[PDB]
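The residues making up each chain are set out below.
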Amino acid sequence: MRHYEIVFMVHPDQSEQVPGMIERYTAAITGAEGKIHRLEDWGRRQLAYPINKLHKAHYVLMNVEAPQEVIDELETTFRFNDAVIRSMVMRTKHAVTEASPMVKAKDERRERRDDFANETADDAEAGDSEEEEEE
Amino acid sequence: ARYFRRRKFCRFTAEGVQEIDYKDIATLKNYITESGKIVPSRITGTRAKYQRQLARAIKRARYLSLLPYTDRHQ
Amino acid sequence: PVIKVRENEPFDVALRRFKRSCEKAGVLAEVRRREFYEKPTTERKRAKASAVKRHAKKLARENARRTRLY
Amino acid sequence: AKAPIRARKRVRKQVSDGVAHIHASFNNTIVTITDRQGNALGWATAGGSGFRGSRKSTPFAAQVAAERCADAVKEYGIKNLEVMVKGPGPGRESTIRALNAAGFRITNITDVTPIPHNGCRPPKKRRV
């Protein structure tokens, strides 16, 4: 099998309803003798054009070992979902060995790389736990 | 004596052979200005192979909506 | 036009040296022209080329200055 | 009540603060003071000061646009500005100098010219 990496997006209203998605995707990869090496949240990002009449949306990142056809299959699942509103999937990628790696990139998102339309607190109920003494 | 004080991706052959990766958008922030421009090799602290590889990852993250790309946003 | 600044209302400090968006600015390189593989270094050698009496006079000043024989 | 004063003792708003937005254009300069939410309160121009394209495009015409715009907002009780500028035109500091010299207090000057990631094909002047 292959090391993979997955990005996918949901609305801001769904940024604390994304762990319920990550449960199913995890269970697809663990079902396949694959393992989750990292799970991470990139938070709310600002959009050049409204999707379904709203200017912002929520990004998440997973980092895995999985068979490549699982991540073929999962890139297609995002692309067939209307709640999952855009993805990118990329071949031959792995997690960091670091704990809480993502907190420093959450910090970058809330500062210069959104337009901060929505509270930090709902988007942070996704992905990597912000253990600030590990990072 | 042996060994001497290396520079970023220096004194070795088997580092920065393959690309410097985009997922660390917090590290990528280091290599952009306050107008979302790329900084060249002499500023990232790296040589030609590694800067070409940085500039692909920097590009990637900004057009993925993960890294700053101007002083402005909407 | 004005860039961004730590300054207290700069308008009485005659800055122009960085104070552009396009006007002698770096983004003027693809704005309003063709691609030109040769031009942008050719046009340096050409611009310099005609003022040769004034060029040669500074060169001659420096050769006469440099020798400590006066 | 006495008979009223020869010049006003009072002024109907006192919002203190605003932004002078300048569009220093390739043929003109336009100055507008707006409240902090961007609703414009009054404006004035280079070109309306008796100048065509050929003279309205200068920092001296722009210098005068700033004075007529400082007068345009007098009743809204603003005195404190920050400044935002866009467009290729030279109406970008002589304007500010005469803006501050028409009884306002400037504290910041910032650019708001939009710059692209390559973008679309540019407009043409002198077939350039």
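Deposited coordinates in this entry are attributed by the record to cryo-EM, at a stated resolution of 13.2 Å.

Enquirer: Hey, could you run me through the layout of surface pockets in this one?
Expert: By rolling a water-sized probe across the atoms, one finds the places where empty space is left. Taken as a whole, the largest pocket holds about 1800 Å³ of empty space. Along the wall of the largest pocket there are 46 residues; nearest its centre are C:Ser21, C:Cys22, C:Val27, D:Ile115 and D:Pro116. Looking at the lining of the largest pocket residue by residue, the classes come out as 18 nonpolar, 13 polar and 15 charged. Volume-wise, the second largest pocket comes out at about 620 Å³. Lining the second largest pocket are 24 residues, with A:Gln46, A:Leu47, A:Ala48, B:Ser65 and B:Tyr69 positioned closest to its centre. At the level of secondary structure, the elements contributing two or more residues to the lining of the second largest pocket comprise β3 (56-66) and β4 (86-91) of chain A together with α3 (48-63) of chain B. The biggest single contributor to the lining of the second largest pocket is β4(A), with 3 residues. Of the residues that constitute the lining of the second largest pocket, the class distribution is 14 nonpolar, 7 polar and 3 charged.

Enquirer: How do you make sense of the packing of helix α1 (residues 19-30) of chain A against helix α2 (residues 68-80) of chain A when you look at a structure like this?
Expert: Helix packing for two helices is described by the angle between their axes and how far apart those axes are. Residue and element names in this part refer to chain A. Remark: α1 packs on α2, axes separated minimally by 10 Å, with the N-to-C direction vectors making an angle of 160 degrees. The angle between α1 and α2 places the two elements in the roughly antiparallel class. Crossing geometry of α1 relative to α2 is assigned as right-handed. Side by side, α1 and α2 meet where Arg-24, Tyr-25, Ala-28 and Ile-29 of the first sit next to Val-70, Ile-71, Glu-73, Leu-74, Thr-77 and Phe-78 of the second. Looking at the contact of α1 with α2 residue by residue, the classes come out as 7 nonpolar, 1 polar and 2 charged.

About the criteria used
- Along each chain, residues carry numbers from 1 upward in sequence order, and these need not match the entry's numbering; residues missing coordinates do not appear.
- To label them, take the chains in the order written and letter them from A, then take the ligands in the order written and number them from 1.
- Note that the chains on view sit within a larger assembly, with every value limited to the chains on view.
- In computing side-chain properties, one takes all heavy atoms of the structure into account and sets aside hydrogens as well as water.
- Only protein atoms enter the calculation, which uses a 1 Å grid: trapped sets of points that fit a 1.4 Å probe without letting it out are cavities, open sets showing protein on both sides within 12 Å along at least five of seven lines are pockets, and any residue with an atom within 4 Å of a point is a lining residue.
- Grid points are joined across faces, edges and corners, and a volume is the space filled by probe spheres set on the points.
- Amino acid classes used here: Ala, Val, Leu, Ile, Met, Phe, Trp, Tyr, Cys and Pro are nonpolar; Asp, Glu, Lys and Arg are charged; the rest, including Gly, are polar.
- The helix count covers DSSP runs of H or I at least four residues long, the strand count covers runs of E at least two residues long, and both are numbered beginning at the N terminus.
- Only C-alpha atoms enter the line fits that serve as axes; for helices the fit covers just the stretch in contact. Angles between N-to-C directions range over 0 to 180 degrees.
- For this classification, under 35 degrees means roughly parallel, over 145 means roughly antiparallel, 65 to 115 means roughly perpendicular, and everything else is oblique.
- Working rule for handedness: look at the near helix, and if it is turned counterclockwise from the far one by less than a right angle, call the crossing left-handed; if clockwise, right-handed.
- It only takes one pair of heavy atoms within 4.5 Å for two residues to be counted as in contact.

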